[PDB]
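Undergrad: My structure is below; once you've seen it, I'll send some questions.
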Amino acid sequence: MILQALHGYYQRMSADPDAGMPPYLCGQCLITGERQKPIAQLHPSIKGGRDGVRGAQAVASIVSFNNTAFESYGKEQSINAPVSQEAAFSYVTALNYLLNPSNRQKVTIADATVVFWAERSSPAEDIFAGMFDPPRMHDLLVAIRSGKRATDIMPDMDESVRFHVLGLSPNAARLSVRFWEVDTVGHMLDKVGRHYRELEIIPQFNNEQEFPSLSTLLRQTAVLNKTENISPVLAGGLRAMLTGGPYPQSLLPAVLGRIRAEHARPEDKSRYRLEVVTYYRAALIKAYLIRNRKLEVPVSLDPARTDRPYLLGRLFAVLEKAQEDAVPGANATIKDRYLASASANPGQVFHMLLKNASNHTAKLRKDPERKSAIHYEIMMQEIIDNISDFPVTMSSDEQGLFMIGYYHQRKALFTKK
Amino acid sequence: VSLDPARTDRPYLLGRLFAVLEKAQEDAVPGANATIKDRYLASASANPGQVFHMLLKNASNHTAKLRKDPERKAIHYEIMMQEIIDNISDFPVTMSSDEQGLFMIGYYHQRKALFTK
Amino acid sequence: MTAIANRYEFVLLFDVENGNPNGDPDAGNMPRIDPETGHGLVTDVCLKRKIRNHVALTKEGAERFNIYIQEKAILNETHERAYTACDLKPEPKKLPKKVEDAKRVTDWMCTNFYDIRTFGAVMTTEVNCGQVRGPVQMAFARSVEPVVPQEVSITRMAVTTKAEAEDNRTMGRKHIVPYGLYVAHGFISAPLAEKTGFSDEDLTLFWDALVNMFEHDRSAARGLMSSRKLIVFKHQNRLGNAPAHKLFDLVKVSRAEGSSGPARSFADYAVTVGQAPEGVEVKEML
Amino acid sequence: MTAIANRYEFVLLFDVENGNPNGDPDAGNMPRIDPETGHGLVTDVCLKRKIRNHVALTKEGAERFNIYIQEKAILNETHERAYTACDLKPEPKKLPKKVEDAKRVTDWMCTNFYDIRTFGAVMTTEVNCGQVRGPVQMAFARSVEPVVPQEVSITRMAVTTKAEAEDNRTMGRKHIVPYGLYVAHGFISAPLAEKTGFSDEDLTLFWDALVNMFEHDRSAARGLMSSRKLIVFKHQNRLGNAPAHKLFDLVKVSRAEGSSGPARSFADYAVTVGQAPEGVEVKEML
């Protein structure tokens with residue numbers, strides 16, 4: 001549909017006296033299907049930049065045939081896409097109207113700018129801006145995550161109204177449709193609820209929101225936690241949000257690689273040494289494991305799990321806690337160096353980690369804290385009791401479970417003692 | 001119970017032996033500033049062939065001390081050591097990384113067993 | 001200077017004892033490893049840097065033997081030299097429209113920068129000088145057996161700034177591989193040499209650099225590194241007579257039967273070189 | 001600057017008796033060992049510290065023979081001395097923008113401080129003086145045979161503040177290597193000596209320091225340590241004419257005919273030095 005839906009949106013908004021604008025060879029128009037209409041040689045341009053598609057040229061466009069390779073059947077310019085001039089103007093005007101940030105129906109996700117609307121006037125149009133990028137909204141989101149109908153928070157919403165989402169990406173003055181969804185407001189609110197239910201994890205710090213933003217989640221996979229370096233394909237695939245389908249298979253390796261390449265950065269002047277397995281990365285891993293792998297993952301530490309990857313993650317967390325207690329103010333921790341290899345090749349490195357932890361607890365048993373020294377040994381003894389061997393290798397899913405276990409055990413030890 | 005007394009993997013058995021010697025020492029000298037694990041874990045795993053005999057002399061002394069009073073278990077630990085060493089034909093000169101991981105697993109398994117009521 | 005006329009493959013074996021052959025910027029400064037298997041890694045750029053350093057040391061900036069990627073060079077300034085020498089004036093981000101002038105600037109870059117002539121270069125900066133692939137290529141070196149990088153903690157008896165830390169001494173730590181044997185593969189392309197002018201003199205200097213690469217790379221972090229075996233496969237004609245992977249399989253590295261435990265010397269390994277196909281000869285004596 | 005004109009390698013043999021040659025900061029204070037073979041290790045920084053101490057003791061801060069690291073000194077204050085000696089104003093983190101001025105400060109550091117001239121230094125700080133790589137390098141010293149460190153329980157008949165009892169009152173701890181023979185390899189680079197100015201008298205003082213390192217290092221935890229052999233390989237040319245590993249292999253250390261039981265004296269080992277290659281001279285009288 002897409003272009004026809006923008007045409008319908010122009011028809012809808014153009015009827016109203018406000019919040020819109022009324023301005024106005026032969027062939028068959030592919031937008032309306034009308035026969036014998038004046039086809040357009042060149043469509044009106046679409047705004048780029050701040051009031052348009054971020055990253056695109058000021059006069060970007062959707063339909064363009066500026067090179068011969070793009071022309072078929074001897075047709076010239078936009079004759080390759082026969083659309084009546086009025087329909088072309090209407091759809092371009094609708095897209096420009098939505099692209100205007102003054103209208104509250106626009107959001108930017110990494111590379112692409114997303115514009116959404118409904119087939120009829122509905123409060124969902126101004127509501128969904130918060131769903132894709134959370135800042136009464138919190139009550140709606142918590143209700144949706146639990147699966148309740150949105151009408152329970154506001155009966156005014158007719159959930160049967162169909163909702164459109166369009167994702168555009170920039171190029172050298174020509175745009176690409178990265179994704180496109182159409183569904184009833186009720187259905188796609190259910191899928192967003194499913195998504196947030198999957199992402200649910202105990203927060204690491206009280207300043208972290210309970211409904212992480214999509215941009216914040218994606219930024220945590222980028223190379224240096226910046227909007228650029230976000231993989232456009234990964235952002236586009238993570239469509240999985242509001243379609244309910246499996247997350248892209250590259251998501252888990254991306255998060256694992258980001259954990260592998262990260263380390264504590266006091267240079268940010270954050271007095272707490274920044275975590276490598278942050279709240280958002282753990283949330284992403286949990287969501288991937290629940291959806292794609294159909295595993296059971298708790299929101300908080302589960303000491304009755306007894307899964308070997310989960311147990312190994314917990315053991316790593318307790319070893320790191322012992323290191324932190326034994327060496328206060330240490331610049332680096334095993335978190336920065338051995339986290340990747342321990343998860344990917346436990347049988348090769350855990351002996352060294354355990355010997356280092358023995359050294360750490362030996363220091364504690366002499367210094368004050370003479371028995372958190374015994375407590376950490378008890379934790380290690382209890383966790384290892386459920387393990388028969390250190391596996392030589394673990395799959396990506398097992399590494400994700402390792403990360404989740406490490407995150408859960410680490411949080412349980414912040415203020416246990 | 002998670003300990004497997006029928007496994008008989010040499011690193012596993014050596015870990016169990018280390019755990020029982022540590023228990024014997026901690027029973028014979030309560031309140032000691034450092035366990036034999038802290039003192040000899042590095043050398044024990046790095047060069048098992050040349051240090052386990054020393055650990056066994058020390059454990060013999062500890063068991064002899066235990067045997068003198070009714071707090072004597074000493075028979076229990078002596079039987080454990082005699083049983084575990086029964087399955088060892090020779091001490092390794094060195095152990096691979098995974099072998100040392102199995103050593104630690106066996107030590108932690110045996111230690112919990114001796115903590116049981 | 002006529003370019004080489006034959007295709008070459010080669011295999012290099014080099015050691016490291018209590019050293020850090022190549023640190024990892026992400027894992028603190030630990031030696032690079034393959035986290036799935038524990039095998040050590042050395043980037044190709046690391047070895048290319050050592051070859052560059054050896055060339056700079058042995059030629060001392062002689063003519064036709066300058067290094068483009070130098071310690072404190074500013075690349076755009078070097079690009080300006082090519083335009084000045086060829087008498088063109090640089091367009092703001094583009095090569096001269098006259099393709100002959102672009103070729104002239106690129107050749108001037110190639111004709112007197114040894115590392116551009118050998119490993120190629122990307123010079124499409126503001127002062128655009130073009131691109132070069134370079135006949136010689138190298139792959140990541142990978143240890144024959146997994147390496148156990150142990151971490152060493154050290155102290156300094158002095159403090160840098162005004163601080164009341166010393167209560168304990170200032171702390172620091174090194175990372176070292178107790179021992180590791182690394183295998184590096186490489187290729188030399190005659191068709192590309194014909195484009196860059198990589199000559200037989202350059203090839204002999206390159207073999208010399210590989211043989212003596214580490215002898216002048218000593219430092220506090222490197223430990224003891226040495227080149228152990230360099231096997232060179234020379235093809236009979238401009239294009240190869242056999243696949244590269246088939247030739248690399250002739251060099252087999254295994255542990256000597258009498259050795260046990262972790263490897264700590266080159267004597268713990270036995271290296272065997274098989275018979276080359278009819279169109280290839282092995283210059284293993286290097 | 002009349003730097004040395006030849007390349008050198010050397011091998012140093014030293015042993016310890018009932019002492020701790022080098023404690024491990026993160027393993028309590030146990031002597032460093034190879035975590036998979038039990039061989040003892042002594043870091044290069046320890047031997048360099050002993051050489052620095054010997055130079056300080058024997059020269060007593062004479063001109064051109066100061067020690068940069070010193071002891072509890074603040075290094076930025078020393079950098080400011082170099083900046084003032086050159087009549088320059090230090091930027092917050094950056095070297096002088098003029099390359100000649102940037103080299104003047106580093107040259108002043110090299111010429112004034114013996115250990116910068118010898119081992120190099122990293123001086124990139126709030127008062128930036130550049131970096132020096134150091135003509136002389138040493139690798140980790142490794143024991144010939146595995147060592148078995150022993151903890152020795154010690155009691156003190158005095159209390160520090162107030163005894164818990166107010167039976168024992170203190171239980172100390174000592175670490176000793178009952179015996180161990182260590183082999184240390186080292187390199188001296190003429191090309192870098194030419195950069196820093198490491199001259200022949202510096203090299204003579206360095207040989208003297210190596211021979212007499214431990215004679216003035218006695219302490220409660222050191223035990224008895226001494227230098228036993230010092231093999232010096234002097235190449236006939238600036239860049240050398242033999243691989244370092246080949247020369248190091250000429251020094252063979254093997255258990256003597258008294259191979260019974262553990263080694264407990266230098267007489268339990270036999271040391272032999274083979275013939276040197278053509279262009280290399282081996283002087284062993286040290």
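How things are named: the first chain in the structure tokens is A, the next is B, and so on; residues count from 1 in each chain; ligands count from 1 in the order shown.
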List as a list in words the protein and nucleic acid residues near residue B:104, meaning an atom at most 9 Å away when only C-alpha atoms are counted, but skip any in the same chain fewer than 2 places from it.
TA: residues 351, 354 and 355 of chain A; 11, 12, 15, 16, 99, 100, 101, 102, 106, 107, 108 and 109 of chain B
Undergrad: Create the file for the chosen residues now, containing C-alpha atoms and written as a PDB file, in the first residue's frame.
TA:
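Result written to out-v1.pdb:
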```
ATOM      1  CA  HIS A 351      40.687 -22.522  36.626  1.00  0.00           C
ATOM      2  CA  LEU A 354      39.149 -19.636  40.564  1.00  0.00           C
ATOM      3  CA  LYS A 355      42.814 -19.460  41.573  1.00  0.00           C
TER       4      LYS A 355
ATOM      5  CA  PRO B  11      42.436 -34.329  38.433  1.00  0.00           C
ATOM      6  CA  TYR B  12      39.088 -34.894  40.158  1.00  0.00           C
ATOM      7  CA  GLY B  15      40.980 -32.101  43.971  1.00  0.00           C
ATOM      8  CA  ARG B  16      39.150 -34.352  46.417  1.00  0.00           C
ATOM      9  CA  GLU B  99      42.540 -30.528  33.924  1.00  0.00           C
ATOM     10  CA  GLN B 100      43.011 -27.789  36.524  1.00  0.00           C
ATOM     11  CA  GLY B 101      39.376 -26.771  36.107  1.00  0.00           C
ATOM     12  CA  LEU B 102      38.372 -30.345  36.881  1.00  0.00           C
ATOM     13  CA  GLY B 106      36.598 -31.921  42.504  1.00  0.00           C
ATOM     14  CA  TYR B 107      37.987 -29.885  45.388  1.00  0.00           C
ATOM     15  CA  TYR B 108      34.772 -27.900  45.755  1.00  0.00           C
ATOM     16  CA  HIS B 109      32.651 -31.048  45.486  1.00  0.00           C
TER      17      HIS B 109
END
```
Undergrad: So that I can see what lies close to residue D:146, please list as a PyMOL selection string the residues with an atom at most 7 Å from it, counting only C-alpha atoms and leaving out residues fewer than 3 positions away in the same chain.
TA: chain D and resi 37-40+143
Undergrad: Pull out every residue of chain B sitting within 12 Å of chain D, counting only C-alpha atoms, and send them as JSON, numbers by chain.
TA: {"B": [31, 32, 33, 34, 35, 36, 38, 39, 40, 41, 42, 43, 44, 45, 46, 47, 48, 49, 50, 51, 52, 53, 54, 55, 92, 93, 94, 95, 96, 97, 98, 99, 100]}
Undergrad: Please dump the current selection as an mmCIF file, in the first residue's frame; keep N, CA and C atoms.
TA:
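again.cif was written with the following content:
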```
data_model
loop_
_atom_site.group_PDB
_atom_site.id
_atom_site.type_symbol
_atom_site.label_atom_id
_atom_site.label_comp_id
_atom_site.auth_asym_id
_atom_site.auth_seq_id
_atom_site.Cartn_x
_atom_site.Cartn_y
_atom_site.Cartn_z
ATOM 1 N N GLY B 31 41.406 -21.872 63.929
ATOM 2 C CA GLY B 31 41.787 -20.480 64.033
ATOM 3 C C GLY B 31 43.057 -20.106 63.305
ATOM 4 N N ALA B 32 43.615 -21.008 62.502
ATOM 5 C CA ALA B 32 44.827 -20.688 61.763
ATOM 6 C C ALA B 32 44.569 -19.539 60.799
ATOM 7 N N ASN B 33 45.565 -18.661 60.671
ATOM 8 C CA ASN B 33 45.408 -17.462 59.859
ATOM 9 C C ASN B 33 45.209 -17.764 58.381
ATOM 10 N N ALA B 34 45.598 -18.947 57.912
ATOM 11 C CA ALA B 34 45.474 -19.277 56.501
ATOM 12 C C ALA B 34 45.324 -20.781 56.339
ATOM 13 N N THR B 35 44.401 -21.180 55.470
ATOM 14 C CA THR B 35 44.208 -22.585 55.154
ATOM 15 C C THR B 35 45.292 -23.061 54.194
ATOM 16 N N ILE B 36 45.445 -24.384 54.102
ATOM 17 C CA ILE B 36 46.438 -24.935 53.189
ATOM 18 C C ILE B 36 46.087 -24.609 51.748
ATOM 19 N N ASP B 38 45.073 -21.604 50.684
ATOM 20 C CA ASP B 38 45.721 -20.324 50.431
ATOM 21 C C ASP B 38 47.225 -20.495 50.272
ATOM 22 N N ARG B 39 47.819 -21.406 51.041
ATOM 23 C CA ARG B 39 49.270 -21.546 51.035
ATOM 24 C C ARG B 39 49.776 -22.279 49.800
ATOM 25 N N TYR B 40 49.058 -23.307 49.336
ATOM 26 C CA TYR B 40 49.614 -24.229 48.356
ATOM 27 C C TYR B 40 48.748 -24.469 47.128
ATOM 28 N N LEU B 41 47.666 -23.717 46.929
ATOM 29 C CA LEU B 41 46.837 -23.955 45.753
ATOM 30 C C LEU B 41 47.611 -23.685 44.471
ATOM 31 N N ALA B 42 48.391 -22.604 44.443
ATOM 32 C CA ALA B 42 49.152 -22.277 43.242
ATOM 33 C C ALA B 42 50.164 -23.369 42.924
ATOM 34 N N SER B 43 50.987 -23.739 43.905
ATOM 35 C CA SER B 43 51.991 -24.771 43.673
ATOM 36 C C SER B 43 51.344 -26.127 43.431
ATOM 37 N N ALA B 44 50.248 -26.420 44.132
ATOM 38 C CA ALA B 44 49.598 -27.715 43.969
ATOM 39 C C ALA B 44 49.131 -27.932 42.538
ATOM 40 N N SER B 45 48.471 -26.942 41.946
ATOM 41 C CA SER B 45 48.008 -27.061 40.571
ATOM 42 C C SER B 45 49.129 -26.886 39.559
ATOM 43 N N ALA B 46 50.121 -26.045 39.858
ATOM 44 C CA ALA B 46 51.191 -25.805 38.899
ATOM 45 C C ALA B 46 52.124 -27.003 38.793
ATOM 46 N N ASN B 47 52.490 -27.596 39.925
ATOM 47 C CA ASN B 47 53.490 -28.663 39.959
ATOM 48 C C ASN B 47 53.033 -29.728 40.943
ATOM 49 N N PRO B 48 51.973 -30.468 40.606
ATOM 50 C CA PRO B 48 51.427 -31.435 41.577
ATOM 51 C C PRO B 48 52.421 -32.504 41.994
ATOM 52 N N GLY B 49 53.314 -32.905 41.092
ATOM 53 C CA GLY B 49 54.194 -34.023 41.388
ATOM 54 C C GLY B 49 55.103 -33.767 42.575
ATOM 55 N N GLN B 50 55.537 -32.521 42.752
ATOM 56 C CA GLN B 50 56.587 -32.223 43.717
ATOM 57 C C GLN B 50 56.074 -31.675 45.044
ATOM 58 N N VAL B 51 54.773 -31.437 45.188
ATOM 59 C CA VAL B 51 54.247 -30.800 46.388
ATOM 60 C C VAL B 51 53.230 -31.657 47.129
ATOM 61 N N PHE B 52 52.538 -32.575 46.456
ATOM 62 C CA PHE B 52 51.522 -33.356 47.145
ATOM 63 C C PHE B 52 52.132 -34.228 48.227
ATOM 64 N N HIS B 53 53.384 -34.651 48.061
ATOM 65 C CA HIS B 53 54.025 -35.419 49.121
ATOM 66 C C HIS B 53 54.198 -34.572 50.379
ATOM 67 N N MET B 54 54.583 -33.304 50.217
ATOM 68 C CA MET B 54 54.660 -32.398 51.359
ATOM 69 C C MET B 54 53.292 -32.220 52.003
ATOM 70 N N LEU B 55 52.267 -31.994 51.178
ATOM 71 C CA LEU B 55 50.921 -31.862 51.718
ATOM 72 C C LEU B 55 50.531 -33.105 52.504
ATOM 73 N N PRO B 92 50.639 -36.414 38.411
ATOM 74 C CA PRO B 92 51.003 -35.749 37.155
ATOM 75 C C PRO B 92 52.174 -34.801 37.354
ATOM 76 N N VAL B 93 53.015 -34.695 36.326
ATOM 77 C CA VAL B 93 54.057 -33.674 36.340
ATOM 78 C C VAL B 93 53.442 -32.294 36.153
ATOM 79 N N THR B 94 52.471 -32.180 35.251
ATOM 80 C CA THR B 94 51.750 -30.939 35.020
ATOM 81 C C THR B 94 50.313 -31.270 34.655
ATOM 82 N N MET B 95 49.458 -30.253 34.704
ATOM 83 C CA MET B 95 48.051 -30.397 34.367
ATOM 84 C C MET B 95 47.654 -29.327 33.362
ATOM 85 N N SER B 96 46.854 -29.719 32.375
ATOM 86 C CA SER B 96 46.341 -28.762 31.409
ATOM 87 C C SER B 96 45.324 -27.838 32.073
ATOM 88 N N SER B 97 44.885 -26.830 31.319
ATOM 89 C CA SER B 97 43.947 -25.857 31.870
ATOM 90 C C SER B 97 42.625 -26.514 32.248
ATOM 91 N N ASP B 98 42.046 -27.300 31.339
ATOM 92 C CA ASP B 98 40.811 -28.004 31.670
ATOM 93 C C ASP B 98 41.036 -29.019 32.779
ATOM 94 N N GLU B 99 42.225 -29.620 32.831
ATOM 95 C CA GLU B 99 42.540 -30.528 33.924
ATOM 96 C C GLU B 99 42.517 -29.795 35.259
ATOM 97 N N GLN B 100 43.056 -28.576 35.297
ATOM 98 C CA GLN B 100 43.011 -27.789 36.524
ATOM 99 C C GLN B 100 41.590 -27.351 36.854
#
```
Undergrad: Neighbouring residues of residue A:28 were defined as those with any atom within 12 Å, considering only C-alpha atoms; residues of the same chain fewer than 2 positions away were excluded. Please report them as an MDAnalysis selection string.
TA: chainID A and resid 25:26 30:40 79:85 87
Undergrad: For chain A, which residue among C:42, C:144, C:165, C:75 is the nearest when counting only C-alpha atoms?
TA: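 Closest candidate: C:165.
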Undergrad: Could you list, as a list in words, every residue within 8 Å of residue C:200, counting only C-alpha atoms and ignoring same-chain residues fewer than 6 positions away?
TA: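 These residues fall inside the cut-off: residues 2, 3 and 4 of chain C.
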Undergrad: Using only C-alpha atoms, which chain A residues lie at most 7 Å away from chain B, written as a list in words?
TA: residues 347, 348, 350, 351, 358, 359, 362, 366, 381, 384, 385, 386, 389 and 390 of chain A
Undergrad: Using only C-alpha atoms, which residues sit within 12 Å of residue A:76 once same-chain residues fewer than 5 positions away are excluded, as a PyMOL selection string?
TA: chain A and resi 25+40-42+64-71+81-82
Undergrad: Quick one: residues within 10 Å of residue A:253, only C-alpha atoms counted, chain neighbours fewer than 2 positions away excluded, as number ranges by chain?
TA: A: 249-251, 255-259, 285, 396-397, 399-400
Undergrad: Go ahead and dump the residues you just picked, N, CA and C atoms, as a PDB file, in the first residue's frame.
TA:
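Saved to part15.pdb:
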```
ATOM      1  N   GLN A 249      18.451 -12.609  13.877  1.00  0.00           N
ATOM      2  CA  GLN A 249      19.416 -13.524  14.471  1.00  0.00           C
ATOM      3  C   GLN A 249      20.758 -12.859  14.736  1.00  0.00           C
ATOM      4  N   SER A 250      21.017 -11.701  14.130  1.00  0.00           N
ATOM      5  CA  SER A 250      22.269 -10.998  14.369  1.00  0.00           C
ATOM      6  C   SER A 250      22.243 -10.179  15.651  1.00  0.00           C
ATOM      7  N   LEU A 251      21.091 -10.087  16.316  1.00  0.00           N
ATOM      8  CA  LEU A 251      20.996  -9.275  17.524  1.00  0.00           C
ATOM      9  C   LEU A 251      21.849  -9.853  18.646  1.00  0.00           C
ATOM     10  N   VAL A 255      25.087  -8.064  20.482  1.00  0.00           N
ATOM     11  CA  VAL A 255      25.176  -7.714  21.896  1.00  0.00           C
ATOM     12  C   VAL A 255      26.361  -8.414  22.547  1.00  0.00           C
ATOM     13  N   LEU A 256      26.570  -9.690  22.224  1.00  0.00           N
ATOM     14  CA  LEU A 256      27.690 -10.417  22.809  1.00  0.00           C
ATOM     15  C   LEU A 256      29.018  -9.804  22.387  1.00  0.00           C
ATOM     16  N   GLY A 257      29.138  -9.408  21.119  1.00  0.00           N
ATOM     17  CA  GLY A 257      30.355  -8.755  20.672  1.00  0.00           C
ATOM     18  C   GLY A 257      30.569  -7.412  21.338  1.00  0.00           C
ATOM     19  N   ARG A 258      29.489  -6.658  21.548  1.00  0.00           N
ATOM     20  CA  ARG A 258      29.624  -5.388  22.249  1.00  0.00           C
ATOM     21  C   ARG A 258      30.099  -5.596  23.679  1.00  0.00           C
ATOM     22  N   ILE A 259      29.561  -6.607  24.362  1.00  0.00           N
ATOM     23  CA  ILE A 259      30.056  -6.942  25.696  1.00  0.00           C
ATOM     24  C   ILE A 259      31.525  -7.332  25.620  1.00  0.00           C
ATOM     25  N   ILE A 285      19.288  -9.381  25.696  1.00  0.00           N
ATOM     26  CA  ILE A 285      19.588 -10.809  25.693  1.00  0.00           C
ATOM     27  C   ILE A 285      18.379 -11.603  26.165  1.00  0.00           C
ATOM     28  N   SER A 396      26.027 -19.705  21.307  1.00  0.00           N
ATOM     29  CA  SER A 396      25.619 -18.322  21.529  1.00  0.00           C
ATOM     30  C   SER A 396      24.474 -18.236  22.529  1.00  0.00           C
ATOM     31  N   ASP A 397      23.516 -19.161  22.450  1.00  0.00           N
ATOM     32  CA  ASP A 397      22.415 -19.160  23.408  1.00  0.00           C
ATOM     33  C   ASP A 397      22.920 -19.416  24.822  1.00  0.00           C
ATOM     34  N   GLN A 399      25.869 -18.711  25.901  1.00  0.00           N
ATOM     35  CA  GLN A 399      26.562 -17.495  26.313  1.00  0.00           C
ATOM     36  C   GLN A 399      25.576 -16.420  26.752  1.00  0.00           C
ATOM     37  N   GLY A 400      24.428 -16.327  26.081  1.00  0.00           N
ATOM     38  CA  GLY A 400      23.404 -15.398  26.529  1.00  0.00           C
ATOM     39  C   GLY A 400      22.895 -15.739  27.914  1.00  0.00           C
TER      40      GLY A 400
END
```
Undergrad: Of the candidates C:85, C:152, C:16, C:74, which shows the shortest atom-to-atom distance to chain A, using only C-alpha atoms?
TA: C:152
Undergrad: Could you write out, as a PyMOL selection string, all the residues of stretch 54-152 of chain D that DSSP marks as helix (DSSP H, G or I)?
TA: chain D and resi 54-59+75-85+99-112+114-119
Undergrad: Within 8 Å of chain D, which residues of chain C show up when using only C-alpha atoms, listed as a compact mmCIF listing (two decimals) with N, CA, C and O atoms, in the first residue's frame?
TA:
```txt
# COMPACT_ATOMS: atom_id res chain seq x y z
N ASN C 18 57.56 -15.25 27.37
CA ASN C 18 57.30 -14.27 28.42
C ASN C 18 57.20 -12.87 27.83
O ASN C 18 57.92 -11.95 28.22
N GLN C 150 49.11 -15.16 31.00
CA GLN C 150 49.13 -14.87 32.42
C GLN C 150 49.38 -13.38 32.64
O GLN C 150 50.03 -12.71 31.84
N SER C 153 51.60 -8.57 37.92
CA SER C 153 51.39 -7.33 38.63
C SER C 153 52.73 -6.76 39.09
O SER C 153 53.56 -7.47 39.66
N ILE C 154 52.94 -5.46 38.84
CA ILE C 154 54.18 -4.79 39.17
C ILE C 154 53.87 -3.48 39.89
O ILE C 154 52.75 -2.97 39.83
N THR C 155 54.88 -2.94 40.57
CA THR C 155 54.73 -1.73 41.36
C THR C 155 55.80 -0.73 40.95
O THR C 155 56.89 -1.12 40.52
N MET C 157 57.94 2.61 42.49
CA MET C 157 58.32 3.27 43.73
C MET C 157 58.32 4.79 43.61
O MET C 157 58.92 5.48 44.45
N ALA C 158 57.64 5.33 42.61
CA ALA C 158 57.51 6.77 42.46
C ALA C 158 56.12 7.08 41.93
O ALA C 158 55.47 6.24 41.31
N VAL C 159 55.66 8.30 42.19
CA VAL C 159 54.34 8.76 41.79
C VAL C 159 54.50 9.89 40.78
O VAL C 159 55.50 10.61 40.81
N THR C 160 53.51 10.03 39.90
CA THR C 160 53.62 11.01 38.82
C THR C 160 53.25 12.41 39.30
O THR C 160 54.09 13.31 39.29
N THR C 161 52.01 12.60 39.71
CA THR C 161 51.50 13.90 40.11
C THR C 161 51.61 14.06 41.62
O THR C 161 52.24 13.25 42.31
N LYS C 162 51.00 15.13 42.14
CA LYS C 162 50.98 15.37 43.57
C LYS C 162 49.84 14.58 44.19
O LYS C 162 48.67 14.98 44.13
N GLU C 166 51.15 7.12 48.21
CA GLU C 166 52.25 6.44 48.88
C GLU C 166 53.31 7.44 49.34
O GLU C 166 54.13 7.13 50.21
N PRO C 178 53.28 -17.08 28.20
CA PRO C 178 54.46 -17.86 28.65
C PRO C 178 55.25 -18.42 27.49
O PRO C 178 56.49 -18.43 27.53
N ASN C 212 64.87 -11.01 9.72
CA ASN C 212 65.41 -10.20 10.81
C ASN C 212 64.37 -9.25 11.40
O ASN C 212 64.74 -8.20 11.93
N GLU C 215 64.62 -8.80 15.40
CA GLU C 215 65.92 -8.63 16.04
C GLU C 215 66.14 -7.20 16.53
O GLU C 215 67.03 -6.99 17.36
N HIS C 216 65.37 -6.24 16.04
CA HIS C 216 65.48 -4.85 16.49
C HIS C 216 64.16 -4.31 17.01
O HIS C 216 63.95 -3.09 16.99
N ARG C 218 63.07 -5.11 20.18
CA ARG C 218 63.09 -5.38 21.61
C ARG C 218 62.49 -4.22 22.39
O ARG C 218 62.65 -3.05 22.03
N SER C 219 61.79 -4.55 23.47
CA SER C 219 61.23 -3.54 24.35
C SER C 219 60.85 -4.21 25.66
O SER C 219 61.03 -5.42 25.84
N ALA C 220 60.33 -3.41 26.59
CA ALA C 220 60.00 -3.92 27.91
C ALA C 220 58.77 -4.82 27.90
O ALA C 220 58.57 -5.58 28.85
N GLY C 223 59.22 -9.05 25.37
CA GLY C 223 59.89 -10.28 25.73
C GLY C 223 60.90 -10.67 24.67
O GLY C 223 61.57 -9.82 24.08
N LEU C 224 61.02 -11.97 24.43
CA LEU C 224 61.92 -12.50 23.42
C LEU C 224 61.10 -13.10 22.29
O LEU C 224 60.43 -14.12 22.47
N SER C 226 61.34 -14.23 18.04
CA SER C 226 62.32 -14.59 17.03
C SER C 226 61.63 -15.30 15.88
O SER C 226 60.62 -15.99 16.07
N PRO C 262 52.93 -28.39 28.89
CA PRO C 262 52.83 -27.19 28.05
C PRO C 262 54.11 -26.94 27.30
O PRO C 262 55.21 -27.22 27.77
```
Undergrad: Would you work out the distance separating atom CA of residue A:225 from atom CA of residue A:260, expressed in Å to one decimal?
TA: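 A separation of 13.9 Å between them.
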Undergrad: Which value, in Å to one decimal, gives the distance between atom CA of residue D:181 and atom CA of residue D:145?
TA: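 Straight-line distance from atom CA of residue D:181 to atom CA of residue D:145 works out to 7.5 Å.
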Undergrad: Would you give me, as a list in words, the residues of chain A that come within 10 Å of chain C, using only C-alpha atoms?
TA: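 Selected residues: residues 260, 261, 262, 263, 264, 330, 331, 332, 333, 334, 335, 336, 337, 338, 339, 340, 341, 342, 343, 344, 345, 346, 348, 349, 352, 392, 393, 394 and 395 of chain A.
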